[PDB]
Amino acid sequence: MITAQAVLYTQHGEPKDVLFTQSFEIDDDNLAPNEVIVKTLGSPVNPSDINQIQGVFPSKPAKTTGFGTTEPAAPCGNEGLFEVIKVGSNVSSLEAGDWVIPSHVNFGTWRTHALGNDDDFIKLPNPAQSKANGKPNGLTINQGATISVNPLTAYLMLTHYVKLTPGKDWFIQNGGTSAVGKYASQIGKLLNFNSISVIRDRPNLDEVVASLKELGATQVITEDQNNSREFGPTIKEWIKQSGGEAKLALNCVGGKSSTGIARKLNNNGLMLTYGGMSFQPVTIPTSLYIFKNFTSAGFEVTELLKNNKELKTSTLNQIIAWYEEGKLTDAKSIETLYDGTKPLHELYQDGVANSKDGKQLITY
């Protein structure tokens, strides 16, 4: 009998206030034919996880008594990497030792173990399988645990909405040093898309710029330069010389930044908003809508993929392969190991609180 820990809440609110840790048991001698037991390897703290706990995310796991609680409680975390421990008599798609991620949202990944059906999971190659398949790299635990949200977000925003002509057309994005921003630069490079990354000014600007250009940003400018028309002419010349157009804007900041990148688009431009920096609405000049046929839309990967398994699968398969082939690199997470000396929910509360330091991965 396995004793496991889950991070739960009985009511919505701030993670710092409502989270707690619940012990529960999994009977590993009592497996229905299609059931699978997994043990968590790592799961990150994402803004959408927090939004779920706050009660504002579109989708959230149902509160239930399934963890043996007194009141209905919901689990936390939408993504993470697990190792298959044991499978039921009718399970062929998975076996012990396999790496898996949840097949759907609301699984609850902030916990040590889970019991599910085989179709609750999507198999990733573990490093031994990648090596046997002749691939130059295996996935790391961070790469598997963070593969389902930010890399798919970048890929789908660049490919699913407007068709950029390879070698010619441009996308522009703010939050250039964010996780999704760095994925989009890399994917833009792989797809032969030109791009401008707008970033905040920093002490080590020259280093960040060179680093982002290495990742695949064609040009890197600061927010100041995004908003200066002393700097403006530089950008239209870039687009001019390429023979293409700026067709797509990726916004995760809002406010003045979103206006700035929106103004850089050519006619019939599309902006996708997939994140927002606090109390800043997306602010677009009326003239862009009326005269430049600008469109501003939203992107949220979990809603997009909810009833589109084929799209999820093909996208995920391409990200997995790009990691195996050394074509994509993740940003390093700050990893906190759960050794059982500190309550699991506290590790995740720290992760929420410290997310400003960088991506927080709780590992096991």
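One rule holds for the numbers: they count along the sequence shown, beginning at 1.
Undergrad: Would 235-243 or 70-78 have the larger average of its C-alpha temperature factors, as given in the entry?
TA: Mean B over CA atoms: larger for 235-243.
Undergrad: Could you settle it for me: does 248-256 or 87-95 have the higher average Cα B factor in the PDB entry?
TA: The recorded data point to 87-95.
Undergrad: Choose from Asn267, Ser148, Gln186, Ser130 the residue with the greatest Cα B-factor as stated in the PDB record.
TA: Reading the PDB entry, the winner on C-alpha B-factor is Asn267.
Undergrad: Which one of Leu124, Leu205, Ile172, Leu272 shows the biggest C-alpha B-factor in the PDB entry?
TA: By C-alpha B-factor in the record, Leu205 ranks first.
Undergrad: Using the temperature factors of the C-alpha atoms in this entry, rank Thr363 within its chain: lowest, middle or highest third.
TA: Its C-alpha B-factor belongs to the lowest third of this chain's values.
Undergrad: Sorting the chain's modelled residues by C-alpha B-factor, tell me whether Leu115 ends up in the lowest, middle or highest third.
TA: For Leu115, the deposited C-alpha B-factor lands in the highest third.
Undergrad: Using only modelled residues of the chain, where does the Cα B factor of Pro33 rank: lowest third, middle third or highest third?
TA: Highest third of the chain for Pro33's C-alpha B-factor.
Undergrad: Consider only the C-alpha atoms of the modelled residues in this chain, order them by B-factor as the entry records it, and name the third containing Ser43: lowest, middle or highest.
TA: CA B-factor rank for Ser43: lowest third.
Undergrad: Within this chain's modelled residues, let me know which third the CA B factor of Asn308 belongs to: lowest, middle or highest.
TA: It falls in the top third of the chain.
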